[PDB]
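Enquirer: Input query-v7.tsv, format and content: TSV, C-alpha atoms (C1' of nucleotides) and all ligand atoms.
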chain	number	residue	atom	x	y	z
A	1	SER	CA	21.53	-64.48	51.58
A	2	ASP	CA	23.15	-65.60	54.90
A	3	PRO	CA	22.84	-64.15	58.48
A	4	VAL	CA	21.42	-61.10	56.74
A	5	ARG	CA	18.34	-63.11	55.81
A	6	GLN	CA	17.73	-62.41	59.50
A	7	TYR	CA	18.00	-58.65	58.97
A	8	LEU	CA	15.61	-58.54	56.02
A	9	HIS	CA	13.26	-60.67	58.00
A	10	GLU	CA	13.59	-58.25	60.90
A	11	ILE	CA	12.63	-55.23	58.79
A	12	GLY	CA	10.00	-56.74	56.49
A	13	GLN	CA	7.86	-56.86	59.61
A	14	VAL	CA	7.76	-53.10	60.15
A	15	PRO	CA	4.74	-51.74	58.28
A	16	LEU	CA	5.05	-48.56	56.26
A	17	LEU	CA	3.81	-45.33	57.85
A	18	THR	CA	0.80	-43.53	56.42
A	19	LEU	CA	1.30	-39.88	55.55
A	20	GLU	CA	-0.23	-38.50	58.77
A	21	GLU	CA	1.98	-40.88	60.71
A	22	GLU	CA	5.11	-39.58	58.84
A	23	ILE	CA	4.12	-36.00	59.67
A	24	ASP	CA	3.28	-36.53	63.32
A	25	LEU	CA	6.57	-38.30	63.93
A	26	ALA	CA	8.58	-35.84	61.93
A	27	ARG	CA	6.98	-33.14	64.05
A	28	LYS	CA	7.98	-35.01	67.20
A	29	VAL	CA	11.56	-35.35	66.05
A	30	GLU	CA	11.76	-31.70	65.13
A	31	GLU	CA	10.31	-30.77	68.43
A	32	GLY	CA	12.70	-33.16	70.19
A	33	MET	CA	15.80	-31.40	68.85
A	34	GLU	CA	14.32	-28.01	69.72
A	35	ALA	CA	13.92	-29.19	73.29
A	36	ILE	CA	17.43	-30.79	73.34
A	37	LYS	CA	18.57	-27.32	72.34
A	38	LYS	CA	16.94	-25.69	75.39
A	39	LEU	CA	18.44	-28.51	77.46
A	40	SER	CA	21.94	-28.08	76.05
A	41	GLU	CA	21.30	-24.41	76.84
A	42	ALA	CA	20.58	-25.00	80.52
A	43	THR	CA	22.96	-27.86	81.34
A	44	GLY	CA	25.71	-26.67	78.99
A	45	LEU	CA	26.25	-30.13	77.51
A	46	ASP	CA	26.73	-31.08	73.84
A	47	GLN	CA	23.42	-31.23	71.99
A	48	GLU	CA	24.58	-34.37	70.16
A	49	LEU	CA	25.61	-35.81	73.51
A	50	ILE	CA	22.25	-35.19	75.23
A	51	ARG	CA	20.38	-36.81	72.34
A	52	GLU	CA	22.75	-39.81	72.17
A	53	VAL	CA	22.05	-40.37	75.86
A	54	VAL	CA	18.27	-40.00	75.46
A	55	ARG	CA	18.35	-42.34	72.44
A	56	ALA	CA	20.30	-45.07	74.29
A	57	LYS	CA	17.59	-44.95	76.96
A	58	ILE	CA	14.54	-45.31	74.74
A	59	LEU	CA	16.36	-47.68	72.33
A	60	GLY	CA	14.82	-50.30	74.65
A	61	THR	CA	11.36	-49.72	73.16
A	62	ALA	CA	12.75	-50.14	69.61
A	63	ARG	CA	11.42	-52.72	67.14
A	64	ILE	CA	14.88	-53.21	65.60
A	65	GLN	CA	18.03	-53.25	67.75
A	66	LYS	CA	20.97	-54.21	65.55
A	67	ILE	CA	20.77	-51.74	62.69
A	68	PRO	CA	23.75	-51.75	60.22
A	69	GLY	CA	25.66	-48.53	59.49
A	70	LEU	CA	24.04	-46.80	62.51
A	71	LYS	CA	26.24	-45.80	65.50
A	72	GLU	CA	25.91	-47.67	68.79
A	73	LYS	CA	26.73	-47.07	72.45
A	74	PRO	CA	27.89	-44.75	73.73
A	75	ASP	CA	29.22	-45.35	77.27
A	76	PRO	CA	27.15	-46.23	80.38
A	77	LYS	CA	29.05	-43.86	82.64
A	78	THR	CA	28.48	-40.81	80.43
A	79	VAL	CA	24.92	-42.06	80.01
A	80	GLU	CA	24.85	-42.26	83.82
A	81	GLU	CA	26.54	-38.90	84.56
A	82	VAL	CA	24.62	-37.03	81.88
A	83	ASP	CA	21.23	-38.56	82.65
A	84	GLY	CA	21.99	-37.91	86.29
A	85	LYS	CA	22.53	-34.20	85.69
A	86	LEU	CA	19.45	-34.27	83.45
A	87	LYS	CA	16.83	-36.03	85.62
A	88	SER	CA	18.02	-34.10	88.68
A	89	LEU	CA	17.28	-30.89	86.79
A	90	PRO	CA	14.56	-28.40	87.87
A	91	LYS	CA	10.83	-28.99	87.63
A	92	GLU	CA	9.85	-26.14	85.32
A	93	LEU	CA	12.04	-27.85	82.75
A	94	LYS	CA	10.71	-31.41	83.13
A	95	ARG	CA	8.38	-30.93	80.13
A	96	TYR	CA	11.41	-30.45	77.87
A	97	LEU	CA	12.90	-33.79	78.92
A	98	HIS	CA	9.65	-35.49	77.95
A	99	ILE	CA	9.62	-33.92	74.49
A	100	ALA	CA	13.26	-34.75	73.90
A	101	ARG	CA	12.34	-38.28	74.94
A	102	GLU	CA	9.43	-38.39	72.51
A	103	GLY	CA	11.39	-36.94	69.59
A	104	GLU	CA	14.24	-39.43	69.80
A	105	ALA	CA	11.64	-42.18	70.11
A	106	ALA	CA	9.92	-40.84	67.03
A	107	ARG	CA	13.23	-40.74	65.10
A	108	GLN	CA	13.86	-44.38	65.98
A	109	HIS	CA	10.41	-45.45	64.77
A	110	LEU	CA	10.72	-43.37	61.62
A	111	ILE	CA	14.06	-45.01	60.74
A	112	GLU	CA	12.68	-48.44	61.54
A	113	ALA	CA	9.88	-47.74	59.02
A	114	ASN	CA	12.16	-46.92	56.15
A	115	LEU	CA	14.71	-49.69	56.32
A	116	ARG	CA	12.83	-51.56	53.60
A	117	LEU	CA	13.51	-48.56	51.32
A	118	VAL	CA	17.26	-48.55	51.79
A	119	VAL	CA	17.27	-52.27	50.89
A	120	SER	CA	15.22	-51.80	47.71
A	121	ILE	CA	17.46	-48.95	46.58
A	122	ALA	CA	20.59	-50.84	47.65
A	123	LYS	CA	19.84	-53.74	45.30
A	124	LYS	CA	20.36	-51.32	42.36
A	125	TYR	CA	24.03	-50.94	43.29
A	126	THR	CA	25.21	-54.54	43.79
A	127	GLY	CA	28.19	-55.38	41.59
A	128	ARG	CA	30.15	-52.20	42.23
A	129	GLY	CA	32.80	-53.36	44.66
A	130	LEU	CA	30.76	-53.23	47.81
A	131	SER	CA	29.26	-56.36	49.32
A	132	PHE	CA	25.52	-56.21	49.97
A	133	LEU	CA	25.72	-55.34	53.68
A	134	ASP	CA	28.21	-52.56	52.97
A	135	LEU	CA	25.57	-50.93	50.78
A	136	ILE	CA	22.97	-51.46	53.48
A	137	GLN	CA	25.18	-49.74	56.04
A	138	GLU	CA	25.97	-46.82	53.79
A	139	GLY	CA	22.29	-46.84	52.82
A	140	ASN	CA	21.21	-46.68	56.47
A	141	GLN	CA	23.76	-43.97	57.15
A	142	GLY	CA	22.25	-41.82	54.42
A	143	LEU	CA	18.75	-42.58	55.71
A	144	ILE	CA	19.81	-41.29	59.16
A	145	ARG	CA	21.21	-38.17	57.55
A	146	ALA	CA	17.92	-37.89	55.67
A	147	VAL	CA	15.78	-37.88	58.84
A	148	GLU	CA	18.16	-35.36	60.38
A	149	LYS	CA	17.62	-32.76	57.69
A	150	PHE	CA	14.04	-33.52	56.58
A	151	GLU	CA	11.56	-30.65	56.77
A	152	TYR	CA	8.01	-31.95	56.66
A	153	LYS	CA	6.24	-28.63	56.00
A	154	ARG	CA	7.61	-28.74	52.49
A	155	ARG	CA	4.78	-31.15	51.84
A	156	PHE	CA	7.08	-33.73	50.21
A	157	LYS	CA	6.69	-37.40	50.98
A	158	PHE	CA	9.54	-38.67	53.07
A	159	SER	CA	10.52	-41.46	50.63
A	160	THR	CA	11.49	-38.83	48.04
A	161	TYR	CA	14.05	-37.01	50.23
A	162	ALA	CA	15.17	-40.28	51.81
A	163	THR	CA	15.84	-41.72	48.35
A	164	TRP	CA	18.12	-38.79	47.54
A	165	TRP	CA	20.31	-39.23	50.64
A	166	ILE	CA	20.27	-43.01	50.31
A	167	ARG	CA	21.70	-42.55	46.83
A	168	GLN	CA	24.11	-39.81	47.72
A	169	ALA	CA	25.35	-42.13	50.41
A	170	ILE	CA	26.00	-45.26	48.42
A	171	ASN	CA	27.32	-43.12	45.54
A	172	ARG	CA	29.90	-41.24	47.57
A	173	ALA	CA	30.62	-44.60	49.21
A	174	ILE	CA	31.61	-46.43	46.00
A	175	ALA	CA	33.49	-43.29	44.98
A	176	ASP	CA	35.69	-43.65	48.06
A	177	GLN	CA	36.54	-47.08	46.62
A	178	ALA	CA	39.18	-45.41	44.42
B	1	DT	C1'	24.96	-24.74	55.54
B	2	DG	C1'	22.35	-26.62	50.51
B	3	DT	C1'	20.86	-30.74	48.87
B	4	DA	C1'	13.15	-32.50	48.24
B	5	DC	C1'	7.39	-35.45	42.62
B	6	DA	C1'	7.42	-40.79	44.55
B	7	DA	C1'	9.61	-44.31	45.50
B	8	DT	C1'	9.71	-49.34	51.01
B	9	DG	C1'	8.97	-57.07	45.32
B	10	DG	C1'	10.08	-54.39	40.17
B	11	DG	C1'	8.54	-51.52	35.96
C	201	K	K	2.89	-60.50	41.01
C	202	K	K	3.64	-63.87	41.63
C	203	K	K	2.14	-57.07	40.38
C	204	K	K	1.47	-54.00	39.82
Show me, as structure tokens, the structure contained in the file I just sent.

Expert:
Amino acid sequence: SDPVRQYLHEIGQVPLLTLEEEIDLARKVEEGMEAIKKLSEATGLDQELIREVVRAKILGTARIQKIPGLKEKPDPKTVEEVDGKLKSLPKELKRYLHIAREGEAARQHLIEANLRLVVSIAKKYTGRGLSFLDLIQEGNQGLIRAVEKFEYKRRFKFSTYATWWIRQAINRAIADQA
DNA sequence: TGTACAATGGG
């Protein structure tokens, strides 16, 4: 270990979610995107933009800030313009901005939870022409993809689905080595 | 446009 001892130490803190926690969050995230859809529908902005803005706002309340493989930013002006157009929106909407806020907050917490998983899985793949942290970034990137596509009402534990994407991720990764 | 038993020190 090195300056990544710091990372592991950062994540080892975050306690695992119980099942009911997992669900409630996953509901919030799902509901968040649904809102963000209605919002993209009214303000005719990109759905992925709107989120990205909302996320960069509530990223303040996050338990982990510098997460490998995840995508930072974006830009304070667009944040500013977009949020401007958003907050200034009508009052009957309002509710939707709250939900969208909650969802993205959820997603952040969810991902924070599962960072320990990515690391445990990642260990399995050392010695394949990626340095540890590479794995961790690819790992995290899969985990983010995982949360994106996860449907909770399938009654499967998150770790199962997450594991699949975390492995798909690192596997495709080392395949792009050739 | 679909990817799913659980898995978060390991076995
Ligand atoms: K022991
Ligand atoms: K022991
Ligand atoms: K033991
Ligand atoms: K044991």

Enquirer: Using all atoms listed in the file, tabulate the residues of chain B lying at most 6 Å from any atom of chain A, each with its closest atom pair and that distance in Å to one decimal, by chain and increasing residue number, as CSV.

Expert:
residue,atom,partner,partner_atom,distance
B:4,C1',A:161,CA,5.0
B:6,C1',A:160,CA,5.7
B:7,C1',A:159,CA,5.9
B:8,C1',A:117,CA,3.9

Enquirer: Report the distance between atom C1' of residue 5 of chain B and atom K of ligand K 202 (chain C) in Å, rounded to one decimal place.

Expert: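 Distance between the two atoms: 28.7 Å.
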
Enquirer: Would you mind listing what lies within 12 Å of residue 66 of chain A as a compact mmCIF listing (two decimals) with C-alpha atoms, keeping the file's coordinate frame, with all atoms listed in the file counted and same-chain residues fewer than 5 positions away left out?

Expert:
# COMPACT_ATOMS: atom_id res chain seq x y z
CA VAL A 4 21.42 -61.10 56.74
CA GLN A 6 17.73 -62.41 59.50
CA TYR A 7 18.00 -58.65 58.97
CA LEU A 8 15.61 -58.54 56.02
CA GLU A 10 13.59 -58.25 60.90
CA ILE A 11 12.63 -55.23 58.79
CA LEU A 59 16.36 -47.68 72.33
CA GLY A 60 14.82 -50.30 74.65
CA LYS A 71 26.24 -45.80 65.50
CA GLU A 72 25.91 -47.67 68.79
CA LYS A 73 26.73 -47.07 72.45
CA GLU A 112 12.68 -48.44 61.54
CA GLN A 137 25.18 -49.74 56.04
CA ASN A 140 21.21 -46.68 56.47

Enquirer: What are the centre and the three edge lengths of an axis-aligned box that wraps all atoms of segment 135-142 of chain A in the file, given that 5 Å is added to every side, written as JSON and rounded to one decimal in Å?

Expert:
{"center_x": 23.6, "center_y": -46.6, "center_z": 54.0, "size_x": 14.8, "size_y": 19.6, "size_z": 16.4}

Enquirer: Write out as a PyMOL selection string each polymer residue (protein, DNA or RNA) that has an atom no more than 10 Å from ligand K 203 (chain C), with all atoms listed in the file counted.

Expert: chain B and resi 9-11
